[PDB]
């Protein structure tokens, strides 16, 4: 297939409203779970021709997956996608929207940036319990609200393979190494220039483009709409910048 110079999942599949939704992980190291349920929401809609148009629950995955790591203390991508295949994930929106089976329990906050929400600060919430119970107003039992995948896989560490995967099957989850200068990002095309490592982050790659001859990936962060470019960022593409091309994981419903 010929890869276009730019691609935006939001423009290819506009009926799938999850694709253009920015979430907030709040005071919790649940990035791994957010990138997962976001991309799973997108792909469930894309791959079902819009029939499964849902917002999957970050808290169900965060609180119930035993193999995915340490909940709000951080986690692992492969097992999150395996959990979606084997057990599935229920629906649930943000705390503020309070929709679906298990909405997120934690409020929006600013992640080392200025804006209209309280600062997140340095303390993290305890991982929520695995409650297995839909909110009172939601009239589907927890087990009957589960959305499952058929397959999960790592994507090859190859730029064209990642582009082909996104444009055929939808947004992917990806890990990268966060350095201190990432916390200063306001806009533009990120690359690591200063600062020491702060560990790994997990995000959702929705497309790609080029500006002034500089190729980039277009990425949804999970730090609310005040962060970066209305919740998104761009990062250098093609050079495995911060390992962005080396920890890509996704999956399919069929």
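Numbering follows the first chain given and starts at 1.
In this entry, 49-57 has the higher mean Cα B-factor, the comparison being between 205-213 and 49-57. For the pair 139-147 and 176-184, the mean B factor over Cα atoms is greater in 139-147. The PDB entry assigns its highest CA temperature factor, among 219, 31, 68, 39, to 68. Of the candidates 127, 154, 91, 163, the PDB record gives 127 the highest C-alpha temperature factor. Compared with the other modelled residues of the chain, the Cα B-factor recorded for residue 170 ranks in the lowest third. When the CA B factors of the chain's modelled residues are split into thirds, the value for residue 44 lands in the middle one.
Remark: residue 253 belongs to the middle third of its chain, ranked by C-alpha B-factor as recorded. Residue 15: CA B factor lies in the highest third for its chain, per the PDB record. Residue 197: CA B factor in the highest third of modelled residues in this chain (values from the PDB entry).
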